[PDB]
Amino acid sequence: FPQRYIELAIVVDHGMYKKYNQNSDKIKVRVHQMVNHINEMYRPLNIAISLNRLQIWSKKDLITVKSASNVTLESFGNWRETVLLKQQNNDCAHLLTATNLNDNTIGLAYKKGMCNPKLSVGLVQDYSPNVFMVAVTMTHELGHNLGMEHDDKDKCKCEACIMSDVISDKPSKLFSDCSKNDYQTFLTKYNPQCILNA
């Protein structure tokens, strides 16, 4: 895998702001540890994730965060294209929410959306006190932005690789051969030009 670089914007909604008792510091330690974990998991693919911006919605949410994860994701996507990309540019943005999403969904993202002004977006729920667990979900969702599918464990031969549809009790920090071929195919076939330079 040739070197790639993602400028990632992470935005924390108001609900998560109140959960951590309005403490930005506490939010920031969580977010930097997460970025460290993500980079750790993306190292074998030669992708460098750089936290280009952390926006915490402390006054109020700038979009209505709804339990329906696909409706929230789409609202966020437009807000990125429409507002966020106008102030500071980034290759991808993920919303971290404390909101309980419908049907035990803890994360959602647009497949092959990397670099797109509307689609390079993702959503993950701060569902665990453990930063590593929330970081595995963010890595997984980032995996979909980069064209990765779930693992058909049967033929991918992995039980708890990053792309398993259900997050394991003890996720491994590894990508399956299947995920690597998908990412390889993403680069080859779509080649997002925004991730070429650092």
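Note that residue numbering follows the sequence shown and begins at 1.
Comparing the deposited coordinates for 74-82 and 106-114, the stretch with the larger average C-alpha B-factor is 74-82. Set 155-163 against 35-43 and average the Cα temperature factors; 155-163 ends up higher. The entry lists C-alpha B-factors for 187, 9, 12, 174, and the highest of these is at 187.
Among 145, 58, 139, 130, the highest C-alpha B-factor in the deposited entry belongs to 58. When the CA B factors of the chain's modelled residues are split into thirds, the value for residue 179 lands in the lowest one.
Per the deposited record, the Cα B-factor of residue 120 falls in the middle third when ranked against the other modelled residues of its chain. Split the chain's modelled residues into thirds by C-alpha temperature factor. Residue 51 is in the lowest one. Compared with the other modelled residues of the chain, the Cα B-factor recorded for residue 30 ranks in the lowest third. Looking at the C-alpha B-factors along this chain, the one for residue 89 belongs to the highest third.
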